[PDB]
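Okay, structure first, notes after.
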Amino acid sequence: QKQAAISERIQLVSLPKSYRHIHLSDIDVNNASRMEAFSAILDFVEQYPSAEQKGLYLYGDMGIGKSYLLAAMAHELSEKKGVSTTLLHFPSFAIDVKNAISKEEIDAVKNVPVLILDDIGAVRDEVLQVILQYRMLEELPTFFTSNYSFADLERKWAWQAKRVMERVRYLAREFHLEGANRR
């Protein structure tokens, strides 16, 4: 069955191919926190597109499936709606873009309908800051995953710019996720 069309609308940047094949059914909803996060992911898909529709900032322990949950949202957005999503592993994007001595690097990322910035934290205030700034003005839904909460993420960054953190809080609502996912 040539239903690999919804899968191709999901652009990946420094992430294994499996992140393009994650369905809502693969997500465990066996916690109060996962019930809440899953609930918000379904509202987003159902209400897309909305006025100033905000993304989600998912944080919690490493390896529990925070990125998977968001990948499942991207898969459902491509299947129900026809929207493209980009899942990007920030730590790798930062380093690969840092080598700006050469392309389509950040332009293919800042204007996508829905952008997922995987495990932010752990680059500068010149690339992320501008991408976020542009998505704020353009009203483009932006999500994030991290090992740190808002307060902890900021308290880890450096003086610093500090306004990059205000853009994160403006673009996404914080959700603490607990419990690993099966697989």
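With only alpha-carbon pairs counted, each pair once and no self-pairs, how large is the Kirkwood hydrodynamic radius of the range 1-57 in angstroms? For the range 1-57, the Kirkwood estimate is 13.6 Å.
The phi torsions of the range 72-77, fed into the Karplus equation with coefficients 6.51, -1.76 and 1.60 and a -60° offset, translate into couplings of 5, 5, 4, 5, 6, 5 Hz, rounded to whole numbers, with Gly and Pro shown as x. Dividing the convex hull volume of the alpha carbon atoms of the chain by its residue count gives 121 Å³ per residue.
In this calculation the C-beta distance from residue 96 to residue 176 is compared with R0 = 35 Å, giving a FRET efficiency of 0.75.
In order along the range 109-118, the phi-based Karplus estimate (6.51 cos²θ - 1.76 cosθ + 1.60, θ = phi - 60°) of 3J(HN,Hα) comes to 10, 5, 9, 5, x, 9, 10, 10, 9, 5 Hz; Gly and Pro are listed as x. Positive-end ranking of 114, 159, 47 along the dipole of the range 1-177, with charges on Cβ about the Cα centre, is headed by 159.
Summarising the label geometry, the points placed 7 Å from Cα in the beta-carbon direction at residue 18 and residue 183 lie 0.6 nm from one another.
Would you mind ranking 90, 144 so that the residue whose beta carbon has the fewest other beta carbons within 10 Å leads the list?
Working: 90 21, 144 25.
Lowest count first: 90, 144.
The label point for residue 160 and the one for residue 108, both projected 7 Å from the Cα toward the Cβ, are 3.0 nm apart. Label separation (residue 136 vs residue 28): 3.7 nm, computed from points 7 Å beyond Cα along the C-beta direction.
The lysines within cross-link reach of residue 103, meaning a Cα-to-Cα straight distance under 25 Å and a gap of 8 or more places when in the same chain, are 17.
On a 30 Å Cα-Cα criterion, which of the cross-link pairs 98/162; 81/156; 2/98 come out too long?
Details: 98/162 20 Å; 81/156 37 Å; 2/98 38 Å.
Violating the 30 Å Cα-Cα cut-off are 81/156; 2/98.
For the range 78-89, backbone phi angles converted through the Karplus equation (6.51, -1.76, 1.60; θ = phi - 60°) give residue-by-residue couplings of 6, 6, 6, 8, x, 6, 8, 9, 10, 9, 10, 8 Hz, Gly and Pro being listed as x. Listed by chain and number, the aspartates and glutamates placed with their C-alpha closer than 12 angstrom to that of residue 54 are 43, 139, 174; residues fewer than eight positions away on the same chain are left out. For residue 174, the residues whose amide H sits under 5 Å from its own are 57, ignoring neighbours fewer than 5 places away on the same chain, with H placed 1.01 Å from N. Annotation: amide H of residue 114 within the under-5 Å range of 86, sequence separation 5 or more or interchain, hydrogens built in the peptide plane.
Note: ideal-geometry Cβ built from the backbone for every residue, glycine included; neighbour counts use all protein chains shown. Each reported figure results from applying straightforward, stated rules to the coordinates on display, with no laboratory input.
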